[PDB]
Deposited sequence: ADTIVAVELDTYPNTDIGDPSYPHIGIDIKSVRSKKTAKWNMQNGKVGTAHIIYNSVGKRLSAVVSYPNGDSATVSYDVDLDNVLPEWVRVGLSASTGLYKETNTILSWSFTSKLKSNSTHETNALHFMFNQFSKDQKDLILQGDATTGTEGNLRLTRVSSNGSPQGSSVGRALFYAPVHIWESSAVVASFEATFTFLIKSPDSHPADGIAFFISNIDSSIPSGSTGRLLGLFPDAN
């Protein structure tokens, strides 16, 4: 039912559903089988940053994920998002653990959407999330804590990522991400994250996603479905 576009930070290779056999970042257009991926060295316990960039001129959706040591992974995909997304969307962040697990801590998240004609703009920046974050819609296991973080997946009292968890935070306001009369419709989103695991292998990752506004966590979408898709089609 939901239309999803997403950038996934995919920590766990689900080879039987498309993933490459490494941790990877992915552009996902209406399917968890990414249209495009890049090998990504997730750095356990380090604070990472994702940048997602799209404009309707170049019609190239790009993401880059880096860490402070400067290793960074980048992915791009040429796609006309006007053809994919409804005019109004919500934007958000999504995370999963499955059998294997990890902290899916967002430390900051920012987003800018513009429509420039022949301008409407939405921008939010969160560098600190709060306990009762009234412009965020939390779903599933996502919590904002007093440590100023967005914890997208269940952590246990004593600091531990719980498995089978799925959580999302959508910004409260619909965003008008395209308008057929706009000459430029662009969006940028940036988030920093801390994936930490003690697990044999971390899983399952974090995605920034854009969806129809009424979007919600799909049924059994934990683990490899990254809280975005009802299935692996």
query	finding
Sequence ranges absent from the coordinates, based on the deposited chain and numbered from 1	119-122
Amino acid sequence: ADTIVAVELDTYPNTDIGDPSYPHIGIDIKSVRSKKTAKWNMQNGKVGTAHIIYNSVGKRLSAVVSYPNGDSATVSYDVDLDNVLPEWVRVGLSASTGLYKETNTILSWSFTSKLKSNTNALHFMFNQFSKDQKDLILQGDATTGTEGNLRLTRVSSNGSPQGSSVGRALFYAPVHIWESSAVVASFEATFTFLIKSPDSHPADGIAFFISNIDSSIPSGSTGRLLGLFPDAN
From here on, numbers count along this sequence of modelled residues.
query: Stretch with the greater mean C-alpha B-factor as recorded in the entry, comparing 18-26 against 215-223; finding: 215-223
query: Segment of higher mean CA temperature factor, 61-69 or 194-202; finding: 194-202
query: Out of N127, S156, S113, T105, highest CA B-factor residue; finding: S156
query: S164, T37, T49, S186, ranked by C-alpha B-factor: the highest one; finding: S164
query: Third of the chain, ranked by Cα B-factor, where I4 sits; finding: middle
query: CA B-factor placement of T74, once the chain's modelled residues are sorted into thirds; finding: middle
query: Entry-reported Cα temperature factor of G92, expressed as the chain third it lands in; finding: lowest
query: Third of chain Cα B-factors occupied by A121; finding: lowest
